[PDB]
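Heads up, the chain shows up twice below as structure tokens, two forms, tagged structure 1 and structure 2.
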Structure 1
């Protein structure tokens, strides 16, 4: 990493410790040229921006609850819901963005949910793909037969 003071191309790591909660790693680095020591923090935090304008930490439990409610009346097991939540969280974190919108969360859910149950996928994409008339629903039923 570039030294904050002299902008040297590289620096050496002289201390590293994982935080007690395990979320972040605190490192202390020293610049080889100017011999100056600076502190850096490495995190894996993820945030979702609510439609009301408030950002809150990502939660797999809320995704599982939402997909469970959307799968009401269908034969879905708890192991399948947990696996779907894990897949959604992994796919969301793979983008690398620190914060994302809940619409993108729903779009990510749309993938595994189709493999889970077709009725729940249809009644979920009717909201998150913005269906406007019966024709849009009929086209979606046709895409599912093609896939």
Structure 2
């Protein structure tokens, strides 16, 4: 890990203190040339297993794209979509699991989206839940209306 301050190769570890609550080792490293210290944290990569079966890293671009398609025409600014993507990623990482299932990403998305825009929420659910008849539409308006 080249030193950030002087770009000299092979820095040397000083401390390697694993933290418990977070599963993140915190190693302080120091450079041989400049004699300075940089803190480095190591955290497990988030990944989502798809409906197909294979696994891929979590991207907020895909969350924001999916929400943006549903919000088409509605007064939702790009700032709100970015904030929603951030909230979804935070909620996903709060569980701490390394591998999550697209289905939970969807249940995490459907929380903030419902407060963001109702029509967007139903237009998102109609593709997420794979509606087939009209009956599902007023069924969903039922659950939304109950609140």
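Between two forms, the rigid core is the largest collection of C-alphas that superpose within 1.5 Å. Residue numbers count along the first chain shown, from 1.
Residue among 90, 99, 56, 42 with C-alpha shift of 2 Å or more between structures 1 and 2, core superposed:
Comparing both forms, the shifted residue turns out to be 42.
Does residue 27 shift between structures 1 and 2 by 2 angstroms or more at the C-alpha, the core having been superposed?
Indeed, residue 27 is displaced by 2 Å or more.
| between structures 1 and 2, how far the Cα of residue 10 shifts once the core is aligned, in Å | Reported C-alpha shift between structures 1 and 2: 28.1 Å at residue 10.
Core superposed, what is the CA shift for residue 109 between structures 1 and 2, in angstrom? For residue 109, the alpha-carbon shift amounts to 0.2 Å.
Residue 134: how large is its C-alpha shift between structures 1 and 2, with the rigid core as the superposition reference, in Å? Displacement of the alpha carbon, after core fit: 4.7 Å.
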